[PDB]
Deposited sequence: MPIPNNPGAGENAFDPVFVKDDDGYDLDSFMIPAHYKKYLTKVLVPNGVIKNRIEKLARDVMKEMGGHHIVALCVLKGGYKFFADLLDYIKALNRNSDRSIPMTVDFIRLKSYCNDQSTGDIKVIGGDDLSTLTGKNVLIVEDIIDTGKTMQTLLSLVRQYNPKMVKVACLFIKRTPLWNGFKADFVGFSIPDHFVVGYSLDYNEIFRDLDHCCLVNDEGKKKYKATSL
């Protein structure tokens, strides 16, 4: 079960380390880097408890969100090397696979579809359908954030970090732009910053 970030839940800009020039473009901090890190650690723990019995192949959906992947994989790897028996762990990236083809390599394996933010479910549901055609041992979906969109027209994921309100978020590496490249915390944007 995800961490529930309430609508008006959040933090002041001066509460944590944020570079001075970004402050002009931000409303508040939703989730600090440290909470993200801590939650990703548990997600990784949850993944290994459920999938760690067999070869895991992580499929990262490239949306311009490298930071979550890096941290998630790191904790997965750390748990893999700290467990008594080591397990094969393959990581591929989807745009079509960058690795990658054929997807026949997915058969008999434990597949983890990794997305950093789920908005509608569309992108995920397509891959869920796609990978199931290749008969994997199991399919699970990992995600840092799910936006509580009223228009949530999809599924509930297996491993989810935070449940957040349907606002535009930047920081960490969530924003596809490289304009908040130095912002480590998940922050929602004001009117001046949403330009863009």
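Taking the first deposited residue as 1, the stretches without any C-alpha atom are 1 to 14, 110 to 122, 224 to 229.
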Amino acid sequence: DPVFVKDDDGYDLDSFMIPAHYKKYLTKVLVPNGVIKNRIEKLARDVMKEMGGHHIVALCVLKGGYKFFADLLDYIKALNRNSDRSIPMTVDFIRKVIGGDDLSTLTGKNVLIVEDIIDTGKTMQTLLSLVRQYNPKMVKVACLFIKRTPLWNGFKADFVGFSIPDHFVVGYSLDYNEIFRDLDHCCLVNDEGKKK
From here on, numbers count along this sequence of modelled residues.
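Of the two stretches examined, 78 to 86 and 99 to 107, the record assigns the greater average C-alpha temperature factor to 99 to 107. For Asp158, the recorded CA temperature factor ranks within the highest third of the chain's modelled residues.
Ranked by Cα temperature factor within the chain, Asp71 sits in the lowest third according to the deposited record. Compared with the other modelled residues of the chain, the Cα B-factor recorded for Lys42 ranks in the lowest third.
In this PDB entry, the Cα temperature factor of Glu115 sits in the middle third of its chain's modelled residues. The deposited CA B-factor of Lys137 belongs to the middle third of values across its chain.
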